[PDB]
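Q: Next up is a structure, given as structure tokens.
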Amino acid sequence: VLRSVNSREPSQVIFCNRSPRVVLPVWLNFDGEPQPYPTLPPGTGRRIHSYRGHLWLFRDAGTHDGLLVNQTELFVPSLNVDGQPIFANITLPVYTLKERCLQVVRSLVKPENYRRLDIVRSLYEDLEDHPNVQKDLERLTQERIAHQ
Amino acid sequence: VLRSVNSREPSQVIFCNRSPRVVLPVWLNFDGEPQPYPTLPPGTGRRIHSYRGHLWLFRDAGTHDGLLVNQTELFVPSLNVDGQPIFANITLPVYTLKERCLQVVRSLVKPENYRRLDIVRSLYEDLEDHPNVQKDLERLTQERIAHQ
Amino acid sequence: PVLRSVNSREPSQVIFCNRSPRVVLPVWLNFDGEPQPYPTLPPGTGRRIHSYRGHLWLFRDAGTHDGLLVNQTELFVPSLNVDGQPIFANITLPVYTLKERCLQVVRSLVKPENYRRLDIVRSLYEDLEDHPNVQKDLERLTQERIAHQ
Amino acid sequence: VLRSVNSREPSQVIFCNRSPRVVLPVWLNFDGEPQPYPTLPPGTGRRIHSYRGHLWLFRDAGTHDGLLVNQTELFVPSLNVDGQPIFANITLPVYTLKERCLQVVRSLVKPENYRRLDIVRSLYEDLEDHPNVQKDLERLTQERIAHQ
Amino acid sequence: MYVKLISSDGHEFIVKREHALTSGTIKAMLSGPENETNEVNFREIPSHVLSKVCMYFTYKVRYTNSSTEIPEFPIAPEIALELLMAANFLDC
Amino acid sequence: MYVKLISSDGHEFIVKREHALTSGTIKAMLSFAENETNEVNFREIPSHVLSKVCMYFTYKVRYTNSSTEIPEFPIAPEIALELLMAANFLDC
Amino acid sequence: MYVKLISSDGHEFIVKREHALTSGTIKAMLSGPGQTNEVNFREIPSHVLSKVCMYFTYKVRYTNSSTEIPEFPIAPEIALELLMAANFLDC
Amino acid sequence: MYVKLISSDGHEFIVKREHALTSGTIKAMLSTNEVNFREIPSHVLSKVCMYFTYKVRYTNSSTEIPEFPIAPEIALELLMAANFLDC
Amino acid sequence: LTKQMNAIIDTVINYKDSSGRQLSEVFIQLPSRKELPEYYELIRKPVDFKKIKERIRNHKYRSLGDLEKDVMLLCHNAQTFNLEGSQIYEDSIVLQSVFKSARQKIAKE
Amino acid sequence: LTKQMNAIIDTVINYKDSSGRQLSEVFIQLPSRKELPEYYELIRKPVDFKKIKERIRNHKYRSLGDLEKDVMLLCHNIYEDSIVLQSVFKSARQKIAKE
Amino acid sequence: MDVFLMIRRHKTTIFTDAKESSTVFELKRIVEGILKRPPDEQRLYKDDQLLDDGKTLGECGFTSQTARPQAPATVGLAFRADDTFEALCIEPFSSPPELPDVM
Amino acid sequence: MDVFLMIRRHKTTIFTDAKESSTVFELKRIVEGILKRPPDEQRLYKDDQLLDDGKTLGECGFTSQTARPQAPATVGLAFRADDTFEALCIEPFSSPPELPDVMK
Ligand SMILES: Cc1ncsc1-c1ccc([C@H](C)NC(=O)[C@@H]2C[C@@H](O)CN2C(=O)[C@@H](c2cc(O[C@@H](C)CN3CC[C@@H](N4CCN5c6cc(-c7ccccc7O)nnc6NC[C@H]5C4)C3)no2)C(C)C)cc1
Ligand SMILES: Cc1ncsc1-c1ccc([C@H](C)NC(=O)[C@@H]2C[C@@H](O)CN2C(=O)[C@@H](c2cc(O[C@@H](C)CN3CC[C@@H](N4CCN5c6cc(-c7ccccc7O)nnc6NC[C@H]5C4)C3)no2)C(C)C)cc1
Ligand SMILES: Cc1ncsc1-c1ccc([C@H](C)NC(=O)[C@@H]2C[C@@H](O)CN2C(=O)[C@@H](c2cc(O[C@@H](C)CN3CC[C@@H](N4CCN5c6cc(-c7ccccc7O)nnc6NC[C@H]5C4)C3)no2)C(C)C)cc1
């Protein structure tokens, strides 16, 4: 599963936030429970101490919207070669127009008022289904049981 | 001492040019001879299809000025973990004010005219010492015989 | 898809021989037919390069993006190897028009922001500014293949 | 075994002589008998009309020394693709120092005087054994029966 | 080739075929049996919306498979709801 | 059969007819349509330029369709601009 | 702490000590026995020493710093005199 | 590594091992970084090395190979040396 | 003789350099001609480290000098095909030096 | 039904376009994940036609509408052929199943 | 570098890209390809200023940073009636309803 | 392209290559590797004038057209007596016999 395996071998990493959003780095612990870490402001980049085999995930600190790291969903630092730091490039994905619209509506209207918008109930349900690290982790497991 | 390693295991890489300059990626061959590759325009990124253990180096295609990849001088892709691509972040280093000035003077004055500048003799030599991949490779070897 | 490589699955050994005075940029057309830059050949060099048959290539001055020739034509497509013999791509200067050749030299001497300082016609200025380009030339080559068809 | 094949399909070819020597193109006929053709001066190239499957061979017109075409000993034009011509690049091989010396001695001393050189008897025989298309064809056959 | 999307108010939008196909609904309407005809009419989508729907096609096509940073696809509050509606109908 | 090209400063250049025809402008001027004209006069082209324009005709004629290797046609900086002008006018 | 660098024409430049120490030659002049806050450059004009400070600002800021650094610009008009000044200082 | 070939007149020639091995007779003798040739003078053994340099460099070179020059004055003695060496 | 021939060939294969990496890993199995057609156009007599274990069981090598003649042939075949200074070139230089010390320990001690 | 199912699947495979080239080899055998990890990360239910000939012998497809459901699945999983094949399967089933 | 454009005449709007280095004429040819009217029957405007066929989009003022895919720059189009050209007329897109109370 | 060189101190002659681009110092290091004497104990001469450790072989004069594998360019070497770095000594090669009348 999404194990984040104990290594004891340090892996220097550079978290580079090239999204327009505030980024929440999320480290999966050894039990595989998401752990929130300090947020990266848009257009910032810092050297962070992680360990080899440790599994990370990144998200919009506010909306919990899904981001990408090196054009994929999970980042696992390789063992450093000759001390060279690994690079985690965090970016927006190309959201579907729908999901993107939901994002904007959700950002403008209080959740208790979703009910007041003159839209179809199905859209209201889609608004109510806020993005979520755990839901997405469950999906990523079934995508690994499907590669089996 | 300083060469690619024949591996036969593919490693997808992302060359990201975050310098203001046109970047010349330079692949060290197995014999360890620098090999010029297609240039990256400033602010561009490409997926590259390299191999495990292959050693790369980046430079200003024009001036042959030294650049950095992941805040170091050499890039060697790790084997991909879960199909996730490695990222090579290419940037300007913080050049010394002197070296930076040399760069600008060298870019404005034809090399045969360095002689016409009303400057100190030492500077004439410094302007003449154009940056060079091979000189830098020789230096990097002695820096690797000094760390063993 | 008109000018594109073909997924042959059959490897072809090729020898890129640069007999031009220029640094040569080999350009492989992919299956979609999008130009893919490959490592440059210094003048007077030759290399054996692993390729596949039906693959379509194209060569240019790595610096100026000026047009070159391979086996006295514009495109090179490797034949299936016969008895292991490596096929040969001989890359040379074409005979440029006097105009295009002059443009090349002027372009190489004058910074693009100074093209404006030359006491020449505006049309010539536009021609200088127009820099040769793989894509423009690919578009032209297709119309030259729909004109033969 | 080593012969042209009657084909009916034309294959335009470019004979490029990048040897310092005058080159004798040698077409193997259908019965597989060497046929001398017009010589190429050093540093010249000609477009020649040949056919698919036709087998060619190149040599120093003067000495009958062995040459190479596209880094091999035989040239057989493939079917033309889109009318573009196939290219036959004719070059010196890397002769053994011995064979190369023989070449020079043979070129300076009349064959009747090989006997006057203060050399080993074996060398006299080697000097007298002038290179020859037919001897080389016999060798090339045994090298193709050894690959089967 | 290009394709013509026509808004309720009757604006015509000429966009590349491939750009339009980003929409499953449009893909269906065009690929459904001249055949694959140029025009498609949206009686319930106004121009200020269908204009922006195209702008998304432009965006999606361009920035999908872009290796470094992608920029935010902006949506003004005033248009957000109607776009969400249009977006869902289109499947884009 | 040869042709006479005359520069502004009044130098005469005798070059083969076929060599000259490499210039569309010259071809036009040569080709009263009962018989051929030997002279053509260039009011605005000096000798040091028209001389080099001929040298190109020599080059083009010789190396067009030559198989193994062609050499780059050299142009000195001092002549480059005026030649470019002349080149464009001539269509060579 | 702020240090005072004084140009030939007599402009005063107040810059942080840490920013200034980027110049090895200034480090020497300050860490030496002397008799400090001030250092005087009789051969460096203001339009140059001004830009030398701007470099200190730049160097200090964009070092120990990771994802992207911008080009330190130098206009042709100043390039030569700056190169001189740059050499005379450690960088 | 490198290998030392010593001419009759006693000149020393230090050449890469792999360069030297181009000679079957040297290959045999090294099968030891020294070999002594009592019957080969320097002006010959010097040129024999130059051939090793040439052969090693130009073997498997696709574009073009240049003729390995031999002056008349040296031709016969080189032919002798060549045959003895098996180069 | 077969016990001695296995001790020499297994020592050369199992041999790791002073960074812990096994050198014989690339020489264990020659590639297919479809994979690499150049090796089989240049190399005259292609042989690997499993084709030597094959000929140790079939008893084709009559002495310890016939086993050596074909370990030098592949190590020299490899050296020719590869670039000088390449990873694979200098290990066939070491695999000849580790075979010449492995035969010298087993055959006379 | 098995004779009819083979006639439809073999016609789609044997089908050559108007330049003489066979379209099916790029669907006859799926690649390995080692070769192309991107298809097995992006495509949910990978199936080739050799896996369709396998399921015609094992009798997993109960009707000619169940054979079609998984030929549309791989063709939906050359741009035009993914479609030409769908268009040559929809004309091949329409000739065998009703004539 | 790429520039993203809306070429708009009346109630027609064409979405297309072009290079900074490409020319006003090349753009007229693209329009010809779609609306079947030659470059000599077209006038292309950037805002209210007429664009010469010979200038590069770059020189006209269009840049990658102001002609982004999701914020395309608008090139105005006018066709010719006989001896005279129609006025540049770009019929505006529909207005959105007043912002619903929650937002 | 590379440059092909013969370094000939006294009786000794070393056959070696280097890059057109590379440095006189890197060459001294190769000599160190073979003759076991560091770069500060050797001074290398082209003809009668010494080449500085810092120069590119190109700037010294060595190119493809003068330093070919079959016509290596000859670089002079001087070794150090503790008191003085010894003056450049090169030992001439054996002469070839007068051209036999048979080859005229
Ligand atoms: C500024 C900023 N901005 C944006 S984000 C950010 C930022 C990012 C990071 C940090 C901080 C500083 N960094 C982190 O949070 C990093 C990152 C991510 O990687 C988790 N992590 C951590 O630090 C965890 C962590 C640390 C650790 O270190 C062990 C490998 C090394 N330890 C010694 C010993 C070993 N193990 C040895 C056997 N041992 C056991 C042995 C046995 C046993 C053995 C034999 C026989 C019988 C036995 O029972 N049994 N049990 C054992 N259990 C323990 C185990 C320990 C561990 N690894 O992970 C921390 C948070 C948990 C700050 C800002
Ligand atoms: C657009 C753009 N913009 C900015 S950059 C860029 C760009 C990016 C990429 C490219 C192009 C497409 N890509 C590249 O240029 C990449 C990048 C960089 O990494 C070099 N490279 C290359 O392609 C080299 C290359 C290719 C290769 O492929 C082998 C791994 C696959 N080979 C099968 C066989 C196996 N080896 C197996 C043992 N084998 C030998 C075996 C033996 C032997 C064994 C047993 C017993 C006895 C024996 O002797 N001996 N010798 C052997 N040697 C061969 C070896 C083969 C590996 N690896 O590297 C090319 C250039 C060389 C373009 C632009
Ligand atoms: C030093 C130097 N200096 C100057 S130049 C140079 C130099 C030059 C070259 C190189 C290197 C060594 N050489 C190259 O770069 C060469 C050159 C030129 O020839 C292209 N090329 C390449 O490497 C490309 C390349 C590789 C490839 O191999 C295919 C046959 C096979 N692969 C790809 C296409 C996949 N297909 C796999 C099924 N796949 C699908 C299957 C299915 C499917 C569905 C249902 C059922 C069954 C099925 O199979 N469905 N969809 C599929 N999608 C498409 C298809 C793709 C496998 N051909 O070209 C590389 C770069 C692309 C080094 C230095």
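Labels for the structure tokens follow display order: chains A, B, ..., residues from 1 in each chain, ligands from 1.
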Find the residues near region 57-67 of chain H: any atom within 9 Å, counting only C-alpha atoms, skip ones fewer than 3 places away on the same chain, and give them as JSON, numbers by chain.

A: {"C": [15, 16, 17, 18, 19, 44, 45, 46, 47, 48], "D": [18, 19, 20, 70, 71, 89, 90, 91, 92, 93, 94], "H": [52, 53, 54], "I": [42], "L": [69]}

Q: Would you give me, as a ChimeraX atom specification, the residues of chain C that come within 7 Å of chain B, using only C-alpha atoms?

A: /C:37-40

Q: Could you please extract the residues within 8 Å of ligand 2, counting only C-alpha atoms and all ligand atoms, and hand them back as a PyMOL selection string?

A: (chain B and resi 4+6-10+15+24-25+27+29+37-40+46-52+54-55) or (chain C and resi 36-39+49) or (chain I and resi 26-31+35-36+39+46-49+74-75+77-79+81-82+88-89)

Q: Which chains and residue numbers are within 7 Å of ligand 3, counting only C-alpha atoms and all ligand atoms, if I want them as a list in words?

A: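 Checked against 7 Å with only C-alpha atoms and all ligand atoms; the hits are residues 7, 8, 9, 10, 26, 28, 38, 39, 40, 41, 47, 49, 50, 51, 52 and 55 of chain C; 26, 27, 28, 29, 30, 31, 47, 48, 49 and 74 of chain J.
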
Q: Which residues, written as a ChimeraX atom specification, have at least one atom at most 9 Å from region 81-91 of chain C, with only C-alpha atoms counted and residues fewer than 4 positions away on the same chain left out?

A: /C:11-20,24,48,53,59,68-72,76 /D:70-72,74-78,86-89 /F:68-69 /I:37-38,41

Q: Those same residues, written as a JSON list (two decimals), in the first residue's frame with C-alpha atoms?

A:
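Dumped to selection19.json:
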```
[["chain", "number", "residue", "atom", "x", "y", "z"],
["C", 11, "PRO", "CA", 15.66, -1.46, -37.07],
["C", 12, "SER", "CA", 17.87, 0.24, -39.69],
["C", 13, "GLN", "CA", 21.58, 0.99, -39.07],
["C", 14, "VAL", "CA", 22.43, 4.43, -40.60],
["C", 15, "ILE", "CA", 25.66, 6.52, -40.97],
["C", 16, "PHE", "CA", 25.11, 10.31, -40.62],
["C", 17, "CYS", "CA", 28.08, 11.84, -42.49],
["C", 18, "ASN", "CA", 28.34, 15.66, -42.14],
["C", 19, "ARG", "CA", 30.26, 16.91, -45.21],
["C", 20, "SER", "CA", 28.92, 20.46, -44.72],
["C", 24, "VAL", "CA", 24.40, 19.84, -38.39],
["C", 48, "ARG", "CA", 26.61, 5.22, -36.88],
["C", 53, "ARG", "CA", 13.23, 1.73, -41.40],
["C", 59, "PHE", "CA", 19.04, 18.00, -41.48],
["C", 68, "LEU", "CA", 20.79, 21.28, -45.73],
["C", 69, "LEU", "CA", 20.65, 18.30, -48.16],
["C", 70, "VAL", "CA", 21.03, 14.53, -47.58],
["C", 71, "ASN", "CA", 21.95, 12.38, -50.64],
["C", 72, "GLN", "CA", 21.27, 15.48, -52.85],
["C", 76, "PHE", "CA", 16.22, 10.94, -45.80],
["D", 70, "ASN", "CA", 29.75, 2.14, -46.43],
["D", 71, "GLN", "CA", 32.30, 0.50, -44.03],
["D", 72, "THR", "CA", 31.90, -2.92, -45.77],
["D", 74, "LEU", "CA", 30.22, -5.28, -50.99],
["D", 75, "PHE", "CA", 27.54, -2.68, -51.91],
["D", 76, "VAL", "CA", 23.99, -3.75, -52.93],
["D", 77, "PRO", "CA", 21.54, -0.88, -53.53],
["D", 78, "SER", "CA", 18.26, -1.24, -51.63],
["D", 86, "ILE", "CA", 21.12, 5.60, -52.36],
["D", 87, "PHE", "CA", 24.74, 6.60, -51.57],
["D", 88, "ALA", "CA", 27.89, 4.44, -51.89],
["D", 89, "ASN", "CA", 30.70, 6.03, -49.81],
["F", 68, "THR", "CA", 29.78, 14.25, -53.37],
["F", 69, "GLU", "CA", 30.40, 17.73, -51.77],
["I", 37, "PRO", "CA", 23.45, -6.12, -34.81],
["I", 38, "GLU", "CA", 26.87, -4.27, -34.67],
["I", 41, "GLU", "CA", 29.05, -7.57, -37.60]]
```

Q: If you run DSSP over the backbone, which residues in chain G end up alpha helix (DSSP H)? Put them as a PyMOL selection string.

A: chain G and resi 17-20+24-31+46-61+76-88

Q: Using only C-alpha atoms, pick whichever of H:20, H:14, H:56, H:71 has the shortest atom-to-atom distance to chain L.

A: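 The answer is H:14, which sits nearest to chain L.
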
Q: Figure out the distance between CA of residue 22 (chain L) and CA of residue 75 (chain L), please, to one decimal in Å.

A: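 Computing it gives 15.0 Å between the two atoms.
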
Q: Any idea what's packed within 8 Å of residue 6 (chain F), counting only C-alpha atoms, ignoring anything in its chain fewer than 3 positions away? Could you give it as a PyMOL selection string?

A: chain F and resi 10-13+39-42

Q: List the neighbours of residue 25 (chain F) out to 9 Å using only C-alpha atoms; skip same-chain residues closer than 5 positions along the sequence, and give me the result as number ranges by chain.

A: F: 30, 89-92

Q: From the set D:104, D:119, D:146, D:137, which residue has the shortest atom-to-atom contact distance to chain L, counting only C-alpha atoms?

A: D:104

Q: Report as a VMD selection string: the residues of region 2-133 of chain B with a DSSP assignment of strand (DSSP E), based on the backbone of this structure.

A: chain B and resid 10 to 11 13 to 17 23 to 28 34 to 36 45 to 47 50 to 51 55 to 60 68 to 69 86 to 91

Q: Between CA of residue 2 (chain G) and CA of residue 44 (chain G), what is the spacing in Å?

A: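 Atom-to-atom, CA of residue 44 (chain G) and CA of residue 2 (chain G) are spaced 19.9 Å apart.
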
Q: May I have the residues within 7 Å of residue 44 (chain L) as a ChimeraX atom specification, using only C-alpha atoms and disregarding those fewer than 2 positions away in the same chain?

A: /L:42,46,50-51,75-78

Q: Save the residues we just selected, N, CA, C and O atoms, as a JSON list (two decimals), in the first residue's frame?

A:
```json
[["chain", "number", "residue", "atom", "x", "y", "z"],
["L", 42, "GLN", "N", 58.41, 19.15, -14.28],
["L", 42, "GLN", "CA", 58.53, 19.08, -15.76],
["L", 42, "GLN", "C", 58.10, 20.41, -16.37],
["L", 42, "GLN", "O", 57.13, 20.97, -15.93],
["L", 46, "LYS", "N", 57.49, 23.30, -27.04],
["L", 46, "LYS", "CA", 57.15, 23.11, -28.45],
["L", 46, "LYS", "C", 58.31, 23.80, -29.12],
["L", 46, "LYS", "O", 58.57, 24.98, -28.80],
["L", 50, "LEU", "N", 59.13, 27.17, -24.22],
["L", 50, "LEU", "CA", 58.30, 26.46, -23.19],
["L", 50, "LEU", "C", 56.83, 26.81, -23.31],
["L", 50, "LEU", "O", 56.49, 27.96, -23.61],
["L", 51, "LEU", "N", 55.96, 25.85, -23.01],
["L", 51, "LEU", "CA", 54.49, 26.03, -22.99],
["L", 51, "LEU", "C", 54.03, 26.09, -21.53],
["L", 51, "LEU", "O", 54.31, 25.20, -20.77],
["L", 75, "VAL", "N", 56.61, 17.26, -28.93],
["L", 75, "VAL", "CA", 56.73, 18.18, -27.77],
["L", 75, "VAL", "C", 57.99, 17.78, -26.98],
["L", 75, "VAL", "O", 58.11, 16.63, -26.63],
["L", 76, "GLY", "N", 58.90, 18.72, -26.76],
["L", 76, "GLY", "CA", 60.12, 18.54, -25.95],
["L", 76, "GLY", "C", 59.86, 18.49, -24.45],
["L", 76, "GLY", "O", 59.01, 19.21, -24.01],
["L", 77, "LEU", "N", 60.62, 17.66, -23.70],
["L", 77, "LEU", "CA", 60.45, 17.52, -22.24],
["L", 77, "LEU", "C", 61.76, 17.75, -21.50],
["L", 77, "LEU", "O", 62.79, 17.26, -21.93],
["L", 78, "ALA", "N", 61.72, 18.48, -20.36],
["L", 78, "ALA", "CA", 62.89, 18.69, -19.49],
["L", 78, "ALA", "C", 62.58, 18.23, -18.06],
["L", 78, "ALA", "O", 61.47, 18.53, -17.55]]
```

Q: Could you list, as a list in words, every residue within 12 Å of residue 88 (chain F), counting only C-alpha atoms and ignoring same-chain residues fewer than 2 positions away?

A: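 In the requested format, the answer is residues 97, 98, 99, 100, 101, 102, 103, 120, 121, 123, 124, 125, 127 and 128 of chain C; 23, 24, 25, 45, 53, 81, 82, 83, 84, 85, 86, 90, 91 and 92 of chain F.
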
Q: Using only C-alpha atoms, determine which residues of chain K fall within 10 Å of chain A; present them as a ChimeraX atom specification.

A: /K:100-103

Q: Any chance you can output those residues with N, CA, C and O atoms as a PDB file, in the first residue's frame?

A:
```
ATOM      1  N   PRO K 100     -25.739  36.275  -8.442  1.00  0.00           N
ATOM      2  CA  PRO K 100     -26.673  35.750  -7.448  1.00  0.00           C
ATOM      3  C   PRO K 100     -26.226  36.016  -5.994  1.00  0.00           C
ATOM      4  O   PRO K 100     -25.077  35.963  -5.747  1.00  0.00           O
ATOM      5  N   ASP K 101     -27.187  36.265  -5.108  1.00  0.00           N
ATOM      6  CA  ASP K 101     -27.023  36.957  -3.808  1.00  0.00           C
ATOM      7  C   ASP K 101     -25.893  36.331  -3.000  1.00  0.00           C
ATOM      8  O   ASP K 101     -25.256  37.082  -2.262  1.00  0.00           O
ATOM      9  N   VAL K 102     -25.655  35.024  -3.113  1.00  0.00           N
ATOM     10  CA  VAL K 102     -24.698  34.329  -2.190  1.00  0.00           C
ATOM     11  C   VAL K 102     -23.283  34.874  -2.439  1.00  0.00           C
ATOM     12  O   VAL K 102     -22.494  34.942  -1.476  1.00  0.00           O
ATOM     13  N   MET K 103     -22.969  35.211  -3.693  1.00  0.00           N
ATOM     14  CA  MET K 103     -21.590  35.530  -4.147  1.00  0.00           C
ATOM     15  C   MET K 103     -21.350  37.044  -4.092  1.00  0.00           C
ATOM     16  O   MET K 103     -20.439  37.495  -3.390  1.00  0.00           O
TER      17      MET K 103
END
```

Q: Mind pulling up the distance from CA of residue 25 (chain J) to CA of residue 13 (chain J)?

A: 7.7 Å

Q: If the cut-off is 12 Å, can you tell me the residues of chain F near chain D, counting only C-alpha atoms? I'd like them as a PDB file with N, CA, C and O atoms, in the first residue's frame.

A:
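Listed below is the output, part12.pdb:
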```
ATOM      1  N   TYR F  63      28.301  23.857 -59.473  1.00  0.00           N
ATOM      2  CA  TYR F  63      28.098  22.984 -58.304  1.00  0.00           C
ATOM      3  C   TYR F  63      26.647  22.517 -58.210  1.00  0.00           C
ATOM      4  O   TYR F  63      26.438  21.598 -57.405  1.00  0.00           O
ATOM      5  N   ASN F  65      23.724  20.211 -58.799  1.00  0.00           N
ATOM      6  CA  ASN F  65      23.620  18.788 -59.213  1.00  0.00           C
ATOM      7  C   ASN F  65      24.988  18.085 -59.196  1.00  0.00           C
ATOM      8  O   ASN F  65      25.141  17.094 -59.916  1.00  0.00           O
ATOM      9  N   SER F  66      25.953  18.568 -58.422  1.00  0.00           N
ATOM     10  CA  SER F  66      27.263  17.895 -58.236  1.00  0.00           C
ATOM     11  C   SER F  66      27.173  17.023 -56.971  1.00  0.00           C
ATOM     12  O   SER F  66      26.767  17.565 -55.946  1.00  0.00           O
ATOM     13  N   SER F  67      27.576  15.755 -57.048  1.00  0.00           N
ATOM     14  CA  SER F  67      27.105  14.680 -56.136  1.00  0.00           C
ATOM     15  C   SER F  67      27.791  14.645 -54.762  1.00  0.00           C
ATOM     16  O   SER F  67      27.019  14.528 -53.751  1.00  0.00           O
ATOM     17  N   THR F  68      29.136  14.616 -54.662  1.00  0.00           N
ATOM     18  CA  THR F  68      29.779  14.246 -53.365  1.00  0.00           C
ATOM     19  C   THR F  68      29.726  15.424 -52.380  1.00  0.00           C
ATOM     20  O   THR F  68      29.339  15.162 -51.238  1.00  0.00           O
ATOM     21  N   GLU F  69      30.184  16.634 -52.745  1.00  0.00           N
ATOM     22  CA  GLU F  69      30.397  17.729 -51.767  1.00  0.00           C
ATOM     23  C   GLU F  69      30.457  19.087 -52.478  1.00  0.00           C
ATOM     24  O   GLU F  69      31.073  19.192 -53.537  1.00  0.00           O
ATOM     25  N   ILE F  70      29.758  20.063 -51.931  1.00  0.00           N
ATOM     26  CA  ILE F  70      29.705  21.474 -52.420  1.00  0.00           C
ATOM     27  C   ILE F  70      30.351  22.352 -51.359  1.00  0.00           C
ATOM     28  O   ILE F  70      30.141  22.121 -50.168  1.00  0.00           O
TER      29      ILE F  70
END
```
